[PDB]
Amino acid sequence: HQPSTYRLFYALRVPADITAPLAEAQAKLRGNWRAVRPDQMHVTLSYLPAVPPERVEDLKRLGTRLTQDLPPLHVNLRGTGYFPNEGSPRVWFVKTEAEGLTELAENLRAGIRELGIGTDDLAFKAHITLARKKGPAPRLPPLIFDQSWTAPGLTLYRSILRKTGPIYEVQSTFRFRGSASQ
C-alpha cells in the first residue's frame, strides 16, 4: 500500500436556522431519493480526494490567507435544481449566492493547484445538496427560499467513510477577518 492520504474539502457550514427549512423541504422526497442529514449540509468550495497528511499545514495557511481580508459572507438561499442538467437527476440541491463566494472558490482552487495538491472539482456552482439518488424517483416540485445567513469563516473538513455514510470532521476553521467598507 502507498502512504495514506486524507479526503478533505473546504466548505461553508450551514447554521441551524437554514438547515431546518431545508430539512422541511426534504419531507417531499419520495422513492429512491436519499436525504442529506442536516449535520452533513454544507456549501463546498473545493474537494481534495487524496491529500498527503504532510500537506495539511499548507492548506491551513492557504485558508487563513484567503479569508484574512474578506468580511463575513452574506449567503442567500435561492431556488432548487438538479445535477446533472441531463435527463436523469442524481442530485437535488438548493442554489446559494453570496458576494465574494465565486471569487473565494476560484482563488482557493488556484491556490490548491499552486501547491501541487490534487482537486476533483466540477465548474463552481455554489449549492447545498439536499438529496441524492441512483435510479428512478418522483421529481420534486420547484421550490424557492428567502432565507439567508452570515458565514463567519471557511472550514476545512476531512471526510471519513462509514456504513451510514460519510462523516465530516472539522480540521481547521478560517475566520473572515476583513471588511467590505475598509
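Position 1 is the first residue in the sequence shown; the rest follow in order.
- For the pair 32-40 and 123-131, the record assigns the higher mean C-alpha temperature factor to 32-40.
- Stretches 136-144 and 150-158 differ in mean CA B factor, with 136-144 having the higher one.
- As recorded in the PDB entry, 88 shows the highest C-alpha B-factor of the residues 80, 88, 76, 102.
- Considering 25, 170, 14, 167 together, the PDB entry gives 167 the largest C-alpha B factor.
- Ranked against the other modelled residues of its chain, the C-alpha B-factor of residue 72 as given in the entry falls in the lowest third.
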